[PDB]
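Shown next, in structure tokens, is the structure this report addresses.
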Protein chains: 2
Amino acid sequence: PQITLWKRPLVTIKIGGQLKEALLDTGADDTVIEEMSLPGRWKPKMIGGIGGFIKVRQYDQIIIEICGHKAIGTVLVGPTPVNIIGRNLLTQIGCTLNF
Amino acid sequence: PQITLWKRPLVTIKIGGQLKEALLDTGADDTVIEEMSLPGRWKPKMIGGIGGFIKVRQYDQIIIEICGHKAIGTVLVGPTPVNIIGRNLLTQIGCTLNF
Ligand SMILES: Cc1cccc(C)c1OCC(=O)N[C@@H](Cc1ccccc1)[C@H](O)C(=O)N1CSC(C)(C)[C@H]1C(=O)N[C@H]1c2ccccc2C[C@H]1O
């Protein structure tokens, strides 16, 4: 699809068999989702945003669908204000900025 | 142009007679620039994201140029770690997400 930016670019994602809302976020290097269960081992990561830094859990090779497009990649879990789909997964689904 | 997301989508902007590098950020409602002087009145504002909130000064009706595209809109000035072009200016240059 072509998504304009007059409103927040909110989309539906599927992760762990569940539907969630997330923001397509070109300013995010990585993808961050609110507290939830994911399988496997995790490693620590720090990420810095407009207000400072937060600690998150990094899960690798996670199955995720973004507006029906299938991706498999890294997903961070932590106290993010909103679920964010960052460049690591935007590149997987072939998303570009255009003007 | 068409801008891929393998790297951070950084562009050169002209604002207040100055050249700055900034991030094309679909996750930001508004545009925020590191400390600089801008003409006219301003109002204080709090903006929030990962890691919480920062206080900025809101300047309205500020002219900017991004890759040959002039626009006008609100610009926030404050202690942002990265200069960010948000949706309020991205719309005006006709920027979209496509996949
Ligand atoms: C995930 C990650 C991993 C590794 C490295 C980096 C840089 C990562 O990205 C971190 C990040 O937070 N990224 C931010 C942008 C960013 C990058 C670097 C430093 C600081 C911030 C993300 O894109 C984003 O905007 N966001 C994120 S939360 C949000 C959707 C509310 C939005 C935001 O702040 N929006 C608020 C905002 C921002 C600017 C102006 C106005 C407003 C109002 C509100 O809408």
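Here Cβ is always computed from backbone atoms with ideal geometry, including for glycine, and neighbour counts include all displayed protein chains. Only the coordinates and a few stated rules stand behind these numbers; no lab work does.
Among the DSSP beta bridges whose two residues both lie in chain A, what percent are antiparallel, rounded to the nearest 5?
Percentage antiparallel, nearest 5: 85.
Given the peptides B:20-27, B:38-45, arrange them by the average over their residues of other C-beta atoms within 10 Å, most packed first.
B:20-27, B:38-45
As a test of the formula, what do you get for the protein assembly as shown when each DSSP H run with n ≥ 4 contributes -39,500 (n - 2.57) and the sum is divided by the residue count, at 222 nm and rounded to the nearest 500 deg cm²/dmol?
-500 deg cm²/dmol
Which number do you get for Rg(Cα) / (2.2 N^0.38 Å) in the protein assembly as shown?
Here the answer is 1.03, to two decimals.
Taking a label point 7 Å out from Cα toward Cβ, give me the nm distances from B:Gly17 to the same spot in the other copies, shortest first, one decimal.
Between copies, matching label points for B:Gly17 lie 6.4 nm apart.
Measuring from a point 7 Å out along Cα→Cβ, what nm distances, shortest first, does B:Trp6 have to its partners in the other copies?
Spacings between copies for this position, smallest first, are 3.4 nm.
How high is the FRET efficiency between B:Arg57 and A:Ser37 when r is their beta carbon distance and R₀ equals 30 Å, given to the nearest 0.05?
0.10
Can you give the Rg to Rh ratio of chain A, both from alpha-carbon atoms, with Rh computed by the Kirkwood formula?
Reported Rg/Rh, Kirkwood definition of Rh: 0.94.
With the label 7 angstrom out along Cα to Cβ, how close does A:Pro44 come to the same site in each of the other copies, in nm, nearest first?
Values, ascending and in nm: 3.5.
Out of A:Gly86, A:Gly52, A:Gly68, any idea which swings most in a Gaussian network model of chain A, alpha carbons joined below 10 Å?
Residue with maximal mean-square fluctuation among A:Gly86, A:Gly52, A:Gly68: A:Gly52.
Per-residue mean of other chain beta-carbon atoms within 10 angstrom of the beta-carbon, peptide A:21-28?
That average works out to 5.
Test of understanding: in a Gaussian network model of chain B with alpha carbons linked when under 10 Å, which of B:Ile50, B:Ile63, B:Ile33 would top the mean-square fluctuation ranking?
B:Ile50
If you wrap a convex hull around the alpha carbons of segment A:1-47, what volume per residue comes out, as a whole number of Å³?
Per residue, the Cα convex hull of segment A:1-47 comes to 116 Å³.
Expressed as a rounded percentage, what relative contact order does chain B have, with Cα pairs under 8 Å and six or more residues apart?
33
Report, in debye and to the nearest 20, how large the dipole of chain B comes out about its Cα centre when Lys and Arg carry +1 and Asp and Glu carry -1 on their Cβ.
120
Once the other residues with Cβ under 13 Å from the Cβ of B:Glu65 are scored (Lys, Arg +1; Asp, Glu -1), what is the net sum?
Counting the neighbours of B:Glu65, the net charge comes to +3.
Sort A:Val82, A:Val75, B:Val75, B:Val56 so that the residue with the fewest other Cβ atoms within 10 Å of its own Cβ comes first and the one with the most comes last.
Neighbour counts put them in this order, fewest first: A:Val82, B:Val56, B:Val75, A:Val75.
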